[PDB]
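For reference, the chain that follows is the form deposited in one PDB entry, supplied as structure tokens.
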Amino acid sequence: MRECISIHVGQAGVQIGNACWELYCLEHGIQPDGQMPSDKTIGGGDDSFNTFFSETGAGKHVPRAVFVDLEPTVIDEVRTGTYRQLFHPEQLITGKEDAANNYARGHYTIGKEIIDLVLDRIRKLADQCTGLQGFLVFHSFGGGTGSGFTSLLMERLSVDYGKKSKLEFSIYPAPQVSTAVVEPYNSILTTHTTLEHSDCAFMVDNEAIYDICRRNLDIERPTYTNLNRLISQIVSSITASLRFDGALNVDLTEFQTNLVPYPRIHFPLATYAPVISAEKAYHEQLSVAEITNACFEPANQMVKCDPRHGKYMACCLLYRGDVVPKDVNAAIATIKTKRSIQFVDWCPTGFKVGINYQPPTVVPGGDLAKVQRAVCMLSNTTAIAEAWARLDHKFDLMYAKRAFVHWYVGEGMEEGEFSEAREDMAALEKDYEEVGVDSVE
């Protein structure tokens, strides 16, 4: 069947995985012990869906995941937690030392000692998977394991597997907020090594989500859990068309064929519009029109960029719940009438639509309400260039004086490796300008 191998690479990735796997368990019916009481009443069913879970004859449901951090402090929170009886004990820590915010440590000195083992467990999983569609990697530009290790792994999987989909979910750095004075470099270098291997790198940022959680849900002091639960929901929309039934389903091989015109402009942005609290859950109709318009409001994005400073090249709109399609067609037409949403001349279609009948699951203890219908929008736009440019500027201001470089050279990296990277990114920025120019006859 249609199956996916989620890989969580680092702290950000593991914590997002915890969110996601809590939610998937809630959706299907799996207790943290791995047991599904749903067959207590209904025999011969399939709700512990094989895309994300594997079944033993004993009635367990073990996930298809690989967790990797190069530090024990984060997987050990699983092993000694509430989900200790679910994950296979082979959750990979050779984390005697972390990467010290260093792509050089995550790609060469401690990039190795673990990766062969990683690939072994992946091979064991894929061999159990007949109809594998792709991978979904969760990482973070800003660290080592999330910058360099991810790159190395993607390199190796583009050899050992090849014609498979390898999509990413990344926390793109913010323009103002940040937790590290070495993020720009790691970002540029990871983008250099990944642009030739990845197929679609969905991007998020935490400043945007902070602001969402402030305006709409009325949380002025949010933590990280309260953020990743949103990210979790995003994947659950991407992944619903494999798990639940629907009218128009989108497999993983249908994004990258629509949201990616040229092989290097595969950096789309996510949004999830009805991030509404239970108080404000009432006083609202929550129709398709409202949500589709919200997913195009810049203030409801999860990557801090203004689409009004650029052009949309594509947009995939994934609907969940009680949705009639006529409402989608009307909504998209309304959007195409507006002049603030300026599409390219070479994509007169622009949109893709997918629909599923299973509505979203409210995580208990949570901050989002039960909605009858939800929507996730993945949009490839030209505005993100500005963001890229910002990083490049930061890079220059540092690399002009070679700050922090002796930590990288110290861990086997040549100075030139930086320059090459920057140049490549410049090209990409130039490529974005090439796709905004109106065509001529």
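In this text, the rigid core denotes the largest set of C-alpha atoms whose superposition between the two forms falls within 1.5 Å. Start at 1 and count along the sequence shown; that's the residue number.
Missing here is the form deposited in another entry; even so, the following discussion is about that form.
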TODO: Tell me, with the core superposed, which single residue in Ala294, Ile341, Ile93, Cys200 has its C-alpha moved by at least 2 Å between this form and the one not shown.
DONE: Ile93
Open item on the list: Tell me whether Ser48 is among the residues that move between this form and the one not shown (Cα shift of 2 angstroms or more, core superposed).
Closed with: yes
Task: Flag for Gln372, CA shift 2 Å or larger between this form and the one not shown after aligning core - done: no
TODO: Verify the C-alpha shift of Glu415 between this form and the one not shown: is it 2 Å or more after superposing the core?
DONE: no
Open item on the list: Just to spell it out: taking the C-alpha atom of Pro360 and the C-alpha atom of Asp46, is that distance smaller or larger in the other entry than in the structure shown here, given it changes by 3 Å or more?
Closed with: farther
TODO: Once you account for a change of 3 Å or more, let me know if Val363 and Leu92 sit closer or farther in the other entry, using their C-alpha atoms.
DONE: closer
